[PDB]
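# Breakdown of the fold
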Amino acid sequence: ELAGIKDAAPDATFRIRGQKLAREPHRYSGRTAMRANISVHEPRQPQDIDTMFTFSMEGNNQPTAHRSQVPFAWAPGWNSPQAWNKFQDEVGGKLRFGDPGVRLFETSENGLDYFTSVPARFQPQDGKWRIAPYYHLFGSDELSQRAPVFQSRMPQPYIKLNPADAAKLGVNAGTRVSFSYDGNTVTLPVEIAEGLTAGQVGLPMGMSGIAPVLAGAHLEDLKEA
Amino acid sequence: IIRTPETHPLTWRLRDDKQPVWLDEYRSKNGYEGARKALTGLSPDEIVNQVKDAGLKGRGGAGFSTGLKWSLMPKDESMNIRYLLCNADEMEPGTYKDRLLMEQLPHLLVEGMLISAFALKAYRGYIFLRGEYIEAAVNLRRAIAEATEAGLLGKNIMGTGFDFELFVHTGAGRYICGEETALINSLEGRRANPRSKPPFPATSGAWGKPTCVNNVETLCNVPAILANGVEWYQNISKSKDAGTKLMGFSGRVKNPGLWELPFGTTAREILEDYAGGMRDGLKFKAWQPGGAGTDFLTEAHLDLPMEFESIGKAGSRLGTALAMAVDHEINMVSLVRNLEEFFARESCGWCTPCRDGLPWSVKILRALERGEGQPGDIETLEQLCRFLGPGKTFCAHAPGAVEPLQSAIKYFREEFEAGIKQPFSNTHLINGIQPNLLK
Amino acid sequence: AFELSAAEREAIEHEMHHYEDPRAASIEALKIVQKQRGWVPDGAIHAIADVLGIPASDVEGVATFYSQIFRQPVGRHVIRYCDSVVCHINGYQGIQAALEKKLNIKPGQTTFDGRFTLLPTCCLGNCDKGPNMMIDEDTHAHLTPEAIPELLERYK
Amino acid sequence: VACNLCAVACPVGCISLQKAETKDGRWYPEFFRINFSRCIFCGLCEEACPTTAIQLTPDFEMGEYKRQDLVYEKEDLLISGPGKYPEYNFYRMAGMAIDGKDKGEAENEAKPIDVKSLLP
Amino acid sequence: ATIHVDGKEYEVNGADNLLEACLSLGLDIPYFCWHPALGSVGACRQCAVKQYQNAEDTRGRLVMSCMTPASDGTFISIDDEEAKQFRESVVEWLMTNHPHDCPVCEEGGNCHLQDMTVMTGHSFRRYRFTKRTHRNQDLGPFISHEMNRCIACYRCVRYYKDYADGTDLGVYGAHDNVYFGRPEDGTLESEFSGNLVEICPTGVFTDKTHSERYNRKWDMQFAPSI
Ligand SMILES: Cc1cc2nc3c(=O)[nH]c(=O)nc-3n(C[C@H](O)[C@H](O)[C@H](O)COP(=O)(O)O)c2cc1C
Ligand code: SF4
Ligand code: SF4
Ligand code: SF4
Ligand code: SF4
Ligand code: SF4
Ligand code: FES
Ligand code: FES
Ligand SMILES: [Ca+2]
């Protein structure tokens, strides 16, 4: 099934007229002084036997090179991101020699059949709160939330409640409520979400201490802390 | 000076006490007769053809014929939504005509609205005003309400099944709103940046619908053509440009006013026989034929007919035909500095040459006024004048902006050379670097 | 904090009934707020944006694009004098000097009591009777420098 | 100002530095090292410096015992005076706002006109 | 379609404008305001070429290649003397207010205006008057704002409003006091606000995360990745 990945990128023996592809621009600087604080002896340049790129400027990055992988856009006279116009066959279209990436599967001729599993309508039962997922672009991802720059853009950990459910619980906007899931009692402050359907409660998936697997689960013993 | 209706179709119903003409007085003096004829006996395309072969031209300054512009409307019946706009901005300096027709004769404008909106099949009409004409706004709104309660505005106008609605949109004081595409953009509530052509406003104008933008003077000229006929309108003046026009002189003259004359009247008659000549102790130096956005002309150009072709052959524009006279007591550098400061501070900021070259010429002329000119100054001014003409900029505000500068440079270069006193010094010295002394 | 009045909101709705798009009432809404409060405060942009359904960015751009919409507080009267070409020919400079001598302020500033705010303006359309001045809703023609303090004493 | 023009203009590549910013926003090099065992004293860095910060004094006695001591860090490069150019200041010409220099306070810079100003 | 650039015949797509058709052929035409993903508005007036009516036409007319359709049998010239002078003049007019900030700017070495001034051959300055300045805004922890370095090319407003449908950034001001930014200090609300660091041809919008540990583009070891 994974036979397509052979055509994703050419192997490490791929050369453009005998030479490799450069990683850094040809005017890379400081080559004899980046490592001078450790030792004055110039070390071996790192050898990249895995791929067709090299860890130096001794390579090919011409706009007319027959390849699909471009490390960066640079043309003589075009040092801006507008060098991609020189790196395309036509401006605004595809790359000059085809875009990288290969489809793993084609479209099947015959499709599936109709799924008869029609679910019943949602019934808000007492004492159990269904988890509505509120994803955020900054925070839901496992790796992006660890970025210290994202913490300023990170929203505060907030739990969303219907006005009717908030009135039933007697809680306002901003007050702290505590809920337990899988023997883990955590406390969060409350926003009031008008469009949320009653009997649910809204949680931000991917937060610190809140798993994204909680979507669609039920919440017990939600109460004001 | 008597004003018979045969030779003064626009201003023969004026009142001597500077009071507006209301609905009963307008209808007593043959009012809404062309409106009645056009709505009863004439098809809209017949009225468009009559305006086309009557030789009526636009009075906003472009000189474009209105019949040809009305013929650019789409013939598709699926787009029945249509808009007709009046450029009642009148923000060009030296222009005071539209204030005169639309402060004390609003029913003529209303009748022109009705006739042109029926001919264009326009279901709505707007008058894009300016914020500084309060009395004109009050008179237009009162006349519109009076025409509404008299059955001439609204649904089923005079039993013809044509529904037309008229609105007044008071502007907020920006000169670029006088441009027709920018007028449309300001009508929609956006920043008044103009639009590129093609597409024209006729194909897709206000809110994407077919739209016709016309001056106050042209829409006032229309009901006279519809009432007194077309062959009468062609026989008003024996010139290429037919019909009467509001022309007049202003600025240090005995009688700075405004008159209605047939086309082809030479500029000395409007200066001496009507404005009384220049004032006591002031001799003639120059004159602008169209106001702030035209080329200056000398004494020898005073015996020239005020037509589009004659002034265009002379190297200028007729414009609004409201000439301003400059005596010798006013320095040309100061006057051009004031003109360029107005044009630089009324730029819309869309396209680079006008936006970042008019302030440069402003600073150069301000340095010339105080006598701080440097070598290479007039060269920079004529460089800017060459590279701000038609086609280079997005709209025609910048050609009209650099027209007076190049005209005063061509005709009065000795006054600009007097301000060049300082030697050229762009770079201050740096201790430890020998300068590159260019020869 | 800025809260729109009921009369302001009613006038804005009646104005946006006239156009097919609610964005077209932005200039008239800003002018209505300007007429009611002298100038356009910071929360007025958000209020007009929430009423009209258009974002506050283009409302602020419209309010800053047009010179007759004031985004800074002004005095009880706005004296606008025509600095254009014909009034320069007719000599508006003496009128401006008389105004600066009476008000003791430069153009673009307001008096310390909030009475007058002096501003140059565009062509007022009265070039045949120039020079011309424009206090809040009244224009004046054939101005002389000696008649300026007599003219300005009828505005409290 | 740690603009890295000297490092790229150096044909031997014996310059390394890193840009850092203070609280006010001015730019300085976090570190700065020259490999004098590699430098050919070609003077291209001083020619390419847009602030005239780096200069070549008339001093030649730079012999050394070990090659590790030929790498001159920022402690051995910053001197107490302006060197061969006594009165130049890049921040007087620069358009960026720093401590003690507001917007419009540089050479040939007008005061910032606000978009809310009542003047047309 | 068939075009003739400097007397040389080329075959191009007839629907596209002259700017992208000529940039597809490798010809070098200056441009600021036009973007391949945003369309033509004809703002910067930098893309001027000299179009002739027919083959035996010598006068011509200065048009903008981004708003000129690449119709069949078009005759244009790129390196005409008047066209080159006008393009250098447009660069100079953009240079009358650009601050002396290139050593202390993050877009140095990656600046479209730098490459575009060097490409047009403009190197001599004859502007001796003052330069306008603008106060900056706090545009959140990602985008750093420096309004002095703007050239009013209207790319940011066009992308952020027409393309990304963002509502908190726009253009204000007037004739030469145009201000591109938020109406008040605050974080940019759109989820596609990062593309302003390359949509902007100058260093008005800069990557503040990169601006912390900044180094120039020639010092970057790059790689393609996902
Ligand atoms: C900068 C500029 C300002 C203009 N101002 C006006 C104006 O105030 N009134 C007007 O009728 N036309 C004005 N025009 C001309 C319009 O573009 C257009 O000719 C007019 O709206 C209708 O033309 P018409 O006379 O054929 O009806 C202006 C044009 C430009 C370029
Ligand atoms: S010439 Fe350009 S910047 Fe000037 S007013 Fe017209 S479109 Fe606006
Ligand atoms: S003088 Fe030395 S440090 Fe300077 S550019 Fe030349 S080799 Fe590099
Ligand atoms: S020494 Fe000069 S050239 Fe080198 S980074 Fe500093 S300012 Fe730039
Ligand atoms: S901020 Fe950048 S993208 Fe926006 S108009 Fe200015 S130069 Fe263009
Ligand atoms: S954005 Fe301005 S300061 Fe930065 S490199 Fe470009 S021209 Fe220089
Ligand atoms: S020039 Fe002042 S009123 Fe027209
Ligand atoms: S690229 Fe054509 S005018 Fe901007
Ligand atoms: Ca590897």
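- The deposited coordinates derive from cryo-EM, with the record listing a resolution of 3.36 Å.

## Quick notes on the sheet that holds strand β7 (residues 284-288) of chain B
All names here are of chain B.
- Read from one edge to the other, the open sheet built from four strands follows the order β6-β5-β8-β7, with strand pairing classed as mixed. The open sheet terminates on both sides in strands that have one partner only, identified here as β6 (259-262) and β7. The mean inter-strand angle of the sheet, taken between neighbouring strand axes irrespective of direction, is 30°.
- Note that strand β5 (residues 244-250) and β6 share four bridges and pair antiparallel. What sits directly across from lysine 245, in β6, is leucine 261.

## Let's talk about the interface of chain E and chain A
- Taken together, the contacts link 35 residues of chain E with 31 residues of chain A.
- For the chain E and chain A pair, buried surface summed over both sides reaches about 2600 Å², with 54% attributable to carbon and sulfur atoms.
- Applying the counting criterion to the chain E and chain A interface returns one salt bridge.
- Between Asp28(E) and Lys86(A) there is a salt bridge; the shortest N-O distance is 3.1 Å.
- Where chain E touches chain A, the interface holds 16 residue pairs in polar contact.

## A few points about the interface of chain C and chain B
- In this complex, chain C contributes 37 residues to the contact, which on the side of chain B involves 51 residues.
- Here chain C packs against chain B, burying approximately 3800 Å² in sum over the two surfaces, 57% of which is carbon and sulfur.
- Area buried by chain C at its contact with chain B is led by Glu20(C), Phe65(C) and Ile89(C), which between them contribute 20% of it.
- The interface formed by chain C and chain B includes three salt bridges.
- Here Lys209(B) ties to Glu20(C) by a salt bridge, and the two come within 3.7 Å at their closest N and O atoms.
- Between the two partners, chain C and chain B, sit 16 residue pairs in polar contact.
- Only α2 (26-37), α4 (56-65), α5 (85-89) and β2 (116-121) of chain C provide two or more residues apiece to the side of chain C that touches chain B.
- Across the side of chain C that touches chain B, the residue classes break down as 17 nonpolar, 11 polar and nine charged.

## Some details on the arrangement of the chains
- With eight pairs of chains in contact, the largest contact count belongs to chains B and C.
- Between chain A and chain C there is no contact, and the shortest C-alpha to C-alpha separation is 18 Å.

Rules of the game
- Residues numbered from 1 in each chain as written, not as in the entry; some residues may be left out.
- Chains lettered and ligands numbered in written order.
- Part of a larger assembly, values for the part shown.
- Heavy atoms only, no water.
- Pairing = 2+ DSSP bridges.
- Helix = DSSP H or I, 4+ residues; strand = E, 2+ residues; numbered from the N terminus.
- Axes fitted to C-alpha atoms, helices over the stretch in contact; angles between N-to-C directions.
- Contact = heavy atoms within 4.5 Å.
- Buried area = accessible area lost by both parts, 1.4 Å probe.
- Salt bridge = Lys/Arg side-chain N within 4 Å of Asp/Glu carboxyl O.
- Polar contact = N/O pair within 3.5 Å; in protein donor to acceptor, adjacent residues only side chain to side chain.
- Nonpolar A, V, L, I, M, F, W, Y, C, P; charged D, E, K, R; others polar.

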